[PDB]
file data_15.cif (mmCIF, C-alpha atoms)
data_query
#
loop_
_atom_site.label_atom_id
_atom_site.label_comp_id
_atom_site.auth_asym_id
_atom_site.auth_seq_id
_atom_site.Cartn_x
_atom_site.Cartn_y
_atom_site.Cartn_z
CA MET A 1 2.57 36.80 50.52
CA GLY A 2 3.62 38.72 47.39
CA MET A 3 1.71 38.00 44.10
CA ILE A 4 2.11 39.22 40.54
CA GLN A 5 -1.04 39.79 38.45
CA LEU A 6 -1.33 40.43 34.73
CA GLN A 7 -4.74 41.35 33.30
CA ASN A 8 -5.40 41.81 29.64
CA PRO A 9 -8.55 43.83 29.15
CA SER A 10 -8.50 43.08 25.37
CA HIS A 11 -8.47 39.25 25.81
CA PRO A 12 -12.26 38.63 25.66
CA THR A 13 -12.56 40.74 22.53
CA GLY A 14 -9.43 39.23 20.98
CA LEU A 15 -10.59 35.71 21.70
CA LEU A 16 -14.01 36.31 20.08
CA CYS A 17 -12.38 37.99 17.06
CA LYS A 18 -10.23 34.92 16.47
CA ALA A 19 -13.20 32.56 16.94
CA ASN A 20 -15.03 34.56 14.27
CA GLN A 21 -12.06 34.30 11.89
CA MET A 22 -11.98 30.47 12.63
CA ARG A 23 -15.73 30.14 11.93
CA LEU A 24 -15.38 31.93 8.58
CA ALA A 25 -12.54 29.60 7.57
CA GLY A 26 -14.30 26.52 9.01
CA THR A 27 -11.45 25.90 11.53
CA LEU A 28 -12.41 23.69 14.51
CA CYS A 29 -16.13 23.99 13.77
CA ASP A 30 -17.80 21.05 15.49
CA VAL A 31 -21.51 21.61 14.89
CA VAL A 32 -23.77 22.30 11.93
CA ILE A 33 -26.99 24.20 12.48
CA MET A 34 -29.64 23.52 9.80
CA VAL A 35 -32.25 26.14 8.99
CA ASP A 36 -34.56 25.49 6.00
CA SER A 37 -32.09 24.32 3.38
CA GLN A 38 -28.98 26.11 4.66
CA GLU A 39 -26.19 24.76 6.82
CA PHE A 40 -24.26 27.03 9.24
CA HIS A 41 -20.93 25.70 10.58
CA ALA A 42 -20.00 26.94 14.08
CA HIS A 43 -18.46 26.08 17.43
CA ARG A 44 -20.53 24.54 20.18
CA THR A 45 -18.86 26.54 22.90
CA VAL A 46 -19.62 29.91 21.27
CA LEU A 47 -23.27 29.04 20.63
CA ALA A 48 -23.78 27.52 24.10
CA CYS A 49 -22.15 30.51 25.84
CA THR A 50 -24.47 32.87 23.88
CA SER A 51 -27.78 30.95 24.01
CA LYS A 52 -29.08 29.10 27.08
CA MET A 53 -31.15 27.12 24.61
CA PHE A 54 -28.20 25.85 22.66
CA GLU A 55 -26.42 24.99 25.98
CA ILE A 56 -29.53 22.95 26.84
CA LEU A 57 -29.83 21.51 23.27
CA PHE A 58 -26.26 20.21 23.15
CA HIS A 59 -27.08 18.13 26.29
CA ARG A 60 -28.06 15.59 23.62
CA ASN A 61 -25.03 15.00 21.43
CA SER A 62 -25.30 14.99 17.64
CA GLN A 63 -23.33 16.57 14.75
CA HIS A 64 -26.35 18.39 13.26
CA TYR A 65 -29.17 20.38 14.89
CA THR A 66 -32.24 21.56 12.95
CA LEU A 67 -33.99 24.77 13.81
CA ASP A 68 -37.36 25.60 12.20
CA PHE A 69 -38.74 28.40 14.30
CA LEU A 70 -36.74 31.00 12.35
CA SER A 71 -35.51 31.81 8.86
CA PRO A 72 -31.93 31.36 7.60
CA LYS A 73 -31.67 35.14 7.50
CA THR A 74 -32.63 35.65 11.17
CA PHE A 75 -30.33 32.78 12.18
CA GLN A 76 -27.35 34.36 10.27
CA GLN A 77 -28.06 37.64 12.07
CA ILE A 78 -27.95 35.98 15.44
CA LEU A 79 -24.93 33.87 14.44
CA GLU A 80 -23.06 37.07 13.59
CA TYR A 81 -24.05 38.69 16.88
CA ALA A 82 -22.81 35.61 18.80
CA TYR A 83 -19.44 35.79 17.06
CA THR A 84 -18.95 39.63 17.01
CA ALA A 85 -21.20 41.22 19.72
CA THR A 86 -22.99 43.27 16.97
CA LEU A 87 -26.10 42.50 15.06
CA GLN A 88 -27.27 44.35 12.01
CA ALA A 89 -30.75 44.06 10.60
CA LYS A 90 -33.64 45.84 8.83
CA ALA A 91 -36.45 47.38 10.94
CA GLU A 92 -38.88 44.80 9.51
CA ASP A 93 -36.72 42.02 11.04
CA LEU A 94 -37.27 43.18 14.65
CA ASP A 95 -40.31 40.97 15.35
CA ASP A 96 -38.51 37.93 13.81
CA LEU A 97 -35.38 38.64 15.86
CA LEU A 98 -37.28 39.14 19.12
CA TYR A 99 -39.09 35.82 18.72
CA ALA A 100 -35.88 33.91 17.82
CA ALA A 101 -34.08 35.71 20.71
CA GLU A 102 -36.77 34.64 23.24
CA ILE A 103 -36.75 31.01 22.15
CA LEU A 104 -32.94 30.91 22.06
CA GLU A 105 -32.93 32.83 25.38
CA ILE A 106 -30.31 35.42 24.47
CA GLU A 107 -31.14 38.05 27.05
CA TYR A 108 -29.38 41.02 25.46
CA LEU A 109 -31.12 40.52 22.10
CA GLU A 110 -34.54 40.02 23.66
CA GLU A 111 -34.15 43.05 25.88
CA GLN A 112 -32.89 45.30 23.09
CA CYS A 113 -35.35 44.13 20.44
CA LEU A 114 -38.16 44.71 22.93
CA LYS A 115 -36.88 48.16 23.91
CA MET A 116 -36.57 49.18 20.22
CA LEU A 117 -40.06 47.83 19.35
CA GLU A 118 -41.61 49.63 22.32
CA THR A 119 -39.98 53.04 21.90
CA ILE A 120 -40.92 53.02 18.23
CA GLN A 121 -44.44 52.05 19.40
CA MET B 1 -31.27 51.94 3.09
CA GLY B 2 -32.21 52.07 6.80
CA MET B 3 -30.48 49.56 9.19
CA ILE B 4 -30.86 48.81 12.87
CA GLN B 5 -27.72 47.88 14.87
CA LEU B 6 -27.48 46.48 18.37
CA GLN B 7 -24.03 46.17 19.97
CA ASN B 8 -23.43 44.60 23.32
CA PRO B 9 -20.10 45.73 24.69
CA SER B 10 -20.35 43.14 27.54
CA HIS B 11 -20.76 40.12 25.20
CA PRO B 12 -17.07 39.12 24.88
CA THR B 13 -16.64 39.26 28.64
CA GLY B 14 -19.96 37.51 29.29
CA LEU B 15 -19.15 34.77 26.82
CA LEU B 16 -15.73 34.09 28.41
CA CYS B 17 -17.27 34.12 31.92
CA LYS B 18 -19.74 31.44 30.91
CA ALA B 19 -17.03 29.36 29.19
CA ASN B 20 -15.07 29.49 32.46
CA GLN B 21 -18.12 28.35 34.45
CA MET B 22 -18.58 25.49 31.84
CA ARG B 23 -14.92 24.45 32.16
CA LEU B 24 -15.17 24.28 35.96
CA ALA B 25 -18.26 22.08 35.71
CA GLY B 26 -16.80 20.02 32.83
CA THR B 27 -19.63 21.09 30.45
CA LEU B 28 -18.81 20.65 26.73
CA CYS B 29 -15.11 20.13 27.40
CA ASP B 30 -13.70 18.34 24.36
CA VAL B 31 -9.98 18.12 25.06
CA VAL B 32 -7.75 16.95 27.88
CA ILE B 33 -4.32 18.50 28.30
CA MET B 34 -1.85 16.26 30.16
CA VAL B 35 1.01 17.80 32.13
CA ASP B 36 3.14 15.46 34.28
CA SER B 37 0.48 13.38 36.00
CA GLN B 38 -2.38 15.88 35.92
CA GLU B 39 -5.23 16.14 33.46
CA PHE B 40 -6.83 19.52 32.60
CA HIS B 41 -10.25 19.44 30.87
CA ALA B 42 -10.94 22.39 28.54
CA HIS B 43 -12.46 23.55 25.28
CA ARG B 44 -10.49 23.45 22.07
CA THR B 45 -11.85 26.72 20.82
CA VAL B 46 -10.80 28.67 23.93
CA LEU B 47 -7.28 27.21 23.93
CA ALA B 48 -6.83 27.66 20.16
CA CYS B 49 -8.08 31.26 20.26
CA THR B 50 -5.59 32.03 23.08
CA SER B 51 -2.50 30.10 21.89
CA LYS B 52 -1.31 29.98 18.26
CA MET B 53 0.47 26.81 19.30
CA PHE B 54 -2.66 25.03 20.40
CA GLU B 55 -4.41 26.20 17.16
CA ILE B 56 -1.52 24.58 15.28
CA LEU B 57 -1.47 21.49 17.59
CA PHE B 58 -5.16 20.69 17.13
CA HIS B 59 -4.47 20.46 13.34
CA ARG B 60 -3.84 16.82 14.29
CA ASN B 61 -6.97 15.51 15.95
CA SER B 62 -6.82 13.51 19.18
CA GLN B 63 -8.70 13.57 22.52
CA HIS B 64 -5.56 14.03 24.65
CA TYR B 65 -2.49 16.27 24.20
CA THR B 66 0.63 15.95 26.37
CA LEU B 67 2.73 18.94 27.25
CA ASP B 68 6.12 18.46 28.95
CA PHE B 69 7.85 21.78 28.56
CA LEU B 70 6.08 23.20 31.63
CA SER B 71 4.84 22.21 35.07
CA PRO B 72 1.19 21.56 36.02
CA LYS B 73 1.33 24.74 38.07
CA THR B 74 2.44 26.97 35.16
CA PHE B 75 -0.12 25.29 32.89
CA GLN B 76 -2.96 25.96 35.42
CA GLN B 77 -1.87 29.60 35.55
CA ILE B 78 -2.05 29.95 31.82
CA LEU B 79 -5.30 27.95 31.67
CA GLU B 80 -6.85 30.43 34.10
CA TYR B 81 -5.60 33.40 32.09
CA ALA B 82 -7.10 31.90 28.89
CA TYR B 83 -10.48 31.51 30.57
CA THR B 84 -10.57 34.80 32.61
CA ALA B 85 -8.08 37.32 31.04
CA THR B 86 -6.17 37.46 34.41
CA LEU B 87 -3.21 35.49 35.56
CA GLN B 88 -1.95 35.36 39.09
CA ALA B 89 1.45 34.02 40.04
CA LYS B 90 4.45 34.32 42.38
CA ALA B 91 7.47 36.43 41.30
CA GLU B 92 9.57 33.24 41.12
CA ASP B 93 7.18 31.89 38.44
CA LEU B 94 7.95 34.68 35.92
CA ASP B 95 10.76 32.84 34.10
CA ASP B 96 8.60 29.65 33.90
CA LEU B 97 5.63 31.64 32.61
CA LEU B 98 7.66 33.55 30.02
CA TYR B 99 9.11 30.34 28.60
CA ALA B 100 5.69 28.58 28.47
CA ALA B 101 4.17 31.79 26.98
CA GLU B 102 6.81 31.90 24.19
CA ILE B 103 6.38 28.25 23.25
CA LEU B 104 2.57 28.53 23.38
CA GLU B 105 2.86 31.87 21.53
CA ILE B 106 0.50 33.88 23.72
CA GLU B 107 1.68 37.35 22.85
CA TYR B 108 0.20 39.25 25.78
CA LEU B 109 1.77 36.91 28.36
CA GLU B 110 5.16 36.93 26.66
CA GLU B 111 5.17 40.69 26.34
CA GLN B 112 4.06 41.29 29.93
CA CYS B 113 6.31 38.68 31.52
CA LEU B 114 9.24 40.16 29.60
CA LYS B 115 8.35 43.73 30.58
CA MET B 116 8.05 42.72 34.28
CA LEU B 117 11.35 40.76 34.23
CA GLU B 118 13.17 43.67 32.56
CA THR B 119 11.89 46.52 34.73
CA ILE B 120 12.71 44.51 37.83
CA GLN B 121 16.14 43.93 36.23
#

call {"tool": "encode", "arguments": {"input": "data_15.cif", "output": "structure tokens"}}
result
Amino acid sequence: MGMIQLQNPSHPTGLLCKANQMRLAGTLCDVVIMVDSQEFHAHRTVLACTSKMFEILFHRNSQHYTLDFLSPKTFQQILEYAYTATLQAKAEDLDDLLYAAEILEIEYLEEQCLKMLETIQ
Amino acid sequence: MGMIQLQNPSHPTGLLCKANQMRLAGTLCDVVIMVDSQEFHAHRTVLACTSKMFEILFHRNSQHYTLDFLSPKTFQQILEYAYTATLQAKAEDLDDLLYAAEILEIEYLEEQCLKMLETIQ
């Protein structure tokens, strides 16, 4: 037969951009991540699609999830990466980020943190 | 100061790919869209980040939302586009897709459906 196809190469990027604007306004946020005192509002789908650990964690439903293997600062860093595809940090945060990245099982961050730590080394 | 930056250009695309695999398995789906008889399980964030109409609709919380301005077939088409960035259809579906696309306010689909209808014309 005959088919028509429309493909928007910007859609993934546009969708994540809007999710990030929703997270900053609190719109449709359905999970709170608790690190030390601080609360981080976010969307389960974005965190579960970024971290295999969160996808596994949310197997057990609750409104709040407490993480204590990392600081609020490291979590914010990874939360921004999940919602924008970029992470910014200080060189002294690399060991903290690698460890969080391995536990959360976010392949890109573990691979890149390792590669940066090793070439410096 | 000194900063380190890691940017994964594949992240948007990887995140949407995983959401699509989650939708097909039913994982973390938190909304059912009802069209004629058929039920479509999906994630609120993906639909609200794709359609300004769904972002507005979900302002009013409920587990189920009924759409009757389009057929199940057209909805499936747009549901696939939302989750993959590609839509496939038959040429005879173009008027149906444009209309659904305008009501749902999915700019890319309205623009492309219009452009295809007009160049054929």

call {"tool": "closest_residue", "arguments": {"input": "data_15.cif", "among": "B:75, B:54, B:69, B:99", "to": "chain A", "atoms": "only C-alpha atoms"}}
result
B:54

call {"tool": "resolve_selection", "arguments": {"input": "data_15.cif", "expression": "the PyMOL selection byres ((chain A) within 6 of (chain B))", "output": "list in words"}}
result
residues 3, 4, 5, 6, 7, 8, 11, 12, 13, 15, 18, 49, 85, 86, 87, 88, 89 and 90 of chain A

call {"tool": "resolve_selection", "arguments": {"input": "data_15.cif", "expression": "the PyMOL selection byres ((chain B and resi 73) around 10)", "output": "PyMOL selection string"}}
result
chain B and resi 35+38+70-72+74-79+89+93+96-97

call {"tool": "atom_distance", "arguments": {"input": "data_15.cif", "atom1": "CA of residue 65 in chain B", "atom2": "CA of residue 62 in chain A"}}
result
23.8 Å

call {"tool": "atom_distance", "arguments": {"input": "data_15.cif", "atom1": "CA of residue 37 in chain A", "atom2": "CA of residue 110 in chain A"}}
result
25.8 Å

call {"tool": "atom_distance", "arguments": {"input": "data_15.cif", "atom1": "CA of residue 107 in chain B", "atom2": "CA of residue 56 in chain B"}}
result
15.2 Å

call {"tool": "resolve_selection", "arguments": {"input": "data_15.cif", "expression": "the PyMOL selection byres ((chain A and resi 64) around 8)", "output": "PyMOL selection string"}}
result
chain A and resi 31-34+62-63+65-66

call {"tool": "decode", "arguments": {"input": "data_15.cif", "residues": "range 37-64 of chain B", "atoms": "N, CA, C and O atoms", "output": "tab-separated table (two decimals), in the first residue's frame"}}
result
chain	number	residue	atom	x	y	z
B	37	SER	N	-15.01	2.51	22.02
B	37	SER	CA	-14.99	1.54	23.16
B	37	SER	C	-13.64	1.51	23.89
B	37	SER	O	-13.51	1.54	25.12
B	38	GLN	N	-12.57	1.53	23.11
B	38	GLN	CA	-11.20	1.32	23.40
B	38	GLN	C	-10.54	2.22	24.45
B	38	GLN	O	-10.76	3.41	24.54
B	39	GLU	N	-9.69	1.54	25.22
B	39	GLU	CA	-8.96	2.14	26.33
B	39	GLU	C	-7.48	2.22	25.92
B	39	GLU	O	-7.04	1.26	25.29
B	40	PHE	N	-6.82	3.34	26.21
B	40	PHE	CA	-5.39	3.45	25.82
B	40	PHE	C	-4.63	3.79	27.11
B	40	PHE	O	-5.01	4.84	27.65
B	41	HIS	N	-3.73	2.96	27.60
B	41	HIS	CA	-3.03	3.29	28.84
B	41	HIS	C	-1.78	4.18	28.52
B	41	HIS	O	-1.13	3.93	27.51
B	42	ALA	N	-1.48	5.20	29.28
B	42	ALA	CA	-0.35	6.03	28.92
B	42	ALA	C	0.15	6.78	30.16
B	42	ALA	O	-0.36	6.52	31.23
B	43	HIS	N	1.11	7.69	29.90
B	43	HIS	CA	1.63	8.43	31.06
B	43	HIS	C	1.21	9.86	30.97
B	43	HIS	O	1.43	10.45	29.87
B	44	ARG	N	0.66	10.46	32.02
B	44	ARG	CA	0.28	11.85	31.89
B	44	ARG	C	1.36	12.77	31.43
B	44	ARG	O	1.08	13.69	30.64
B	45	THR	N	2.57	12.62	31.97
B	45	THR	CA	3.63	13.54	31.54
B	45	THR	C	3.81	13.45	30.00
B	45	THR	O	4.13	14.52	29.48
B	46	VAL	N	3.92	12.26	29.46
B	46	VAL	CA	4.20	12.27	27.98
B	46	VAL	C	3.02	12.96	27.25
B	46	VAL	O	3.25	13.69	26.33
B	47	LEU	N	1.80	12.58	27.56
B	47	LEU	CA	0.72	13.27	26.82
B	47	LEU	C	0.66	14.76	27.07
B	47	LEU	O	0.45	15.53	26.13
B	48	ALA	N	0.87	15.20	28.31
B	48	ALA	CA	0.84	16.67	28.54
B	48	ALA	C	1.97	17.40	27.95
B	48	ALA	O	1.90	18.57	27.55
B	49	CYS	N	3.17	16.81	27.73
B	49	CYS	CA	4.30	17.46	27.14
B	49	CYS	C	4.11	17.45	25.60
B	49	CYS	O	4.72	18.28	24.99
B	50	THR	N	3.29	16.62	25.07
B	50	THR	CA	3.04	16.59	23.61
B	50	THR	C	1.83	17.47	23.23
B	50	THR	O	1.94	18.11	22.17
B	51	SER	N	0.78	17.41	24.02
B	51	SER	CA	-0.45	18.17	23.66
B	51	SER	C	-0.75	19.25	24.73
B	51	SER	O	-1.06	18.86	25.85
B	52	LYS	N	-0.89	20.48	24.27
B	52	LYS	CA	-1.26	21.57	25.21
B	52	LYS	C	-2.64	21.27	25.73
B	52	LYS	O	-2.93	21.49	26.90
B	53	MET	N	-3.49	20.66	24.89
B	53	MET	CA	-4.81	20.27	25.39
B	53	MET	C	-4.82	19.31	26.48
B	53	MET	O	-5.56	19.41	27.49
B	54	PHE	N	-3.97	18.20	26.41
B	54	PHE	CA	-3.95	17.30	27.53
B	54	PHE	C	-3.36	18.03	28.75
B	54	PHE	O	-3.79	17.56	29.80
B	55	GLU	N	-2.40	18.90	28.59
B	55	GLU	CA	-1.79	19.59	29.78
B	55	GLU	C	-2.91	20.38	30.51
B	55	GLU	O	-3.14	20.18	31.71
B	56	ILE	N	-3.71	21.07	29.65
B	56	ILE	CA	-4.91	21.75	30.17
B	56	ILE	C	-5.89	20.71	30.70
B	56	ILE	O	-6.24	20.89	31.91
B	57	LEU	N	-6.27	19.60	30.08
B	57	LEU	CA	-7.24	18.69	30.55
B	57	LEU	C	-6.92	18.16	31.93
B	57	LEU	O	-7.81	17.63	32.64
B	58	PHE	N	-5.62	17.84	32.15
B	58	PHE	CA	-5.25	17.11	33.37
B	58	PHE	C	-5.27	18.08	34.56
B	58	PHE	O	-5.21	17.62	35.69
B	59	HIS	N	-5.57	19.35	34.32
B	59	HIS	CA	-5.78	20.37	35.36
B	59	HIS	C	-6.85	19.86	36.32
B	59	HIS	O	-6.82	20.13	37.52
B	60	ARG	N	-7.77	19.09	35.82
B	60	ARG	CA	-8.86	18.46	36.52
B	60	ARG	C	-8.52	17.00	36.68
B	60	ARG	O	-8.72	16.18	35.79
B	61	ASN	N	-8.05	16.61	37.86
B	61	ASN	CA	-7.69	15.22	38.06
B	61	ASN	C	-8.78	14.17	38.04
B	61	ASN	O	-9.77	14.19	38.76
B	62	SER	N	-8.52	13.11	37.29
B	62	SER	CA	-9.32	11.89	37.20
B	62	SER	C	-8.47	10.77	36.60
B	62	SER	O	-7.46	11.06	35.95
B	63	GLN	N	-8.85	9.52	36.74
B	63	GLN	CA	-8.08	8.39	36.25
B	63	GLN	C	-8.31	8.10	34.76
B	63	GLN	O	-7.48	7.48	34.13
B	64	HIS	N	-9.48	8.46	34.27
B	64	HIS	CA	-9.99	8.26	32.94
B	64	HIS	C	-10.39	9.58	32.30
B	64	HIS	O	-10.89	10.52	32.92
